[PDB]
Amino acid sequence: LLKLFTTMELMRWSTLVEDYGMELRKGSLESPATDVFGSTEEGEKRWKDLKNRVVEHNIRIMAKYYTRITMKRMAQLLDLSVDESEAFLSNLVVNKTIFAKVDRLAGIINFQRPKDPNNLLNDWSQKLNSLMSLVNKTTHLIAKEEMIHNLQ
Amino acid sequence: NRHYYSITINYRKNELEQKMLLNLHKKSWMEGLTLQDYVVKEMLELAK
């Protein structure tokens with residue numbers, strides 16, 4: 001679970017179910033399990049909110065390659081079903097702590113960022129800062145090339 | 001003015017340095033490398 005604190009470990013949920021159901025199968029310290037999954041009205045609810053965890057934190061982690069993603073292949077890369085993904089979209093999207101944009105006009109929509117509606121600002125940042133990096137290139141090009149030419 | 005008559009003054013022929021007194025100045029005071037703004041949007045946004 002500590003490893004889960006990066007990349008979300010978008011793992012087959014049943015595998016983690018093994019990893020945390022064999023806690024109840026501990027021939028050692030098992031009171032951890034009973035505090036976690038020896039419970040029913042909350043321990044099984046802990047499994048449920050763990051599904052919540054995997055889906056919503058995967059929504060978090062996967063925010064990079066977006067602007068093109070399908071409702072079906074969403075579930076395919078979600079370790080959970082499509083209408084399961086439908087309810088997950090629904091709750092995370094009415095919660096809307098992030099701003100995505102989606103529509104079943106195609107179903108190929110995504111847990112997006114503002115979807116880049118911006119003017120030159122994008123171009124501005126890009127051109128300016130990149131060109132600046134290039135002047136930096138030059139200004140250390142002279143330096144380091146001279147340095148490697150010191151002995152000569 | 002009694003006890004105080006002024007003398008015509010001047011600066012030296014300083015090209016010996018005036019050269020390096022403008023060469024380094026112009027080269028730096030003007031975008032140094034000069035390959036920098038070549039600010040261009042946010043400036044004209046506020047401008048226009």
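- In the PDB header, cryo-EM is given as the technique by which the entry was determined, and 5.7 Å as its resolution.

- If you look chain B up in the PDB entry, it shows as 26S proteasome non-ATPase regulatory subunit 14 from Homo sapiens.

- The PDB entry annotates chain A as 26S proteasome non-ATPase regulatory subunit 12 of Homo sapiens.

1. Notes on the side chain of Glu23 of chain A
Residue and element names in this part refer to chain A.
- Position of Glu23 among the secondary structure elements: in the loop between helix 1 (13-19) and helix 2 (31-36).
- A polar contact is formed between the side chain of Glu23 and the backbone nitrogen of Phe37, at a distance of 3.4 Å.
- With sequence-adjacent residues up to four places away left out, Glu23 is seen in contact with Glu30, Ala33, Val36 and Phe37.

2. Examining unusual backbone geometry
- One non-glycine residue, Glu9 of chain A, lies in the positive phi region at around 45°.
- Structurally, the position occupied by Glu9 of chain A is in the segment before helix 1.
- Its identity as a non-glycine residue notwithstanding, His3 of chain B has a phi of 75°, on the positive side.
- One can find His3 of chain B in the segment before helix 1 (15-18).

Calculation rules
- Residues numbered from 1 in each chain as written, not as in the entry; some residues may be left out.
- Chains lettered and ligands numbered in written order.
- Part of a larger assembly, values for the part shown.
- Heavy atoms only, no water.
- Residues with missing side-chain atoms left out of burial classes, pairs and counts.
- Helix = DSSP H or I, 4+ residues; strand = E, 2+ residues; numbered from the N terminus.
- Polar contact = N/O pair within 3.5 Å; in protein donor to acceptor, adjacent residues only side chain to side chain.
- Contact = heavy atoms within 4.5 Å.

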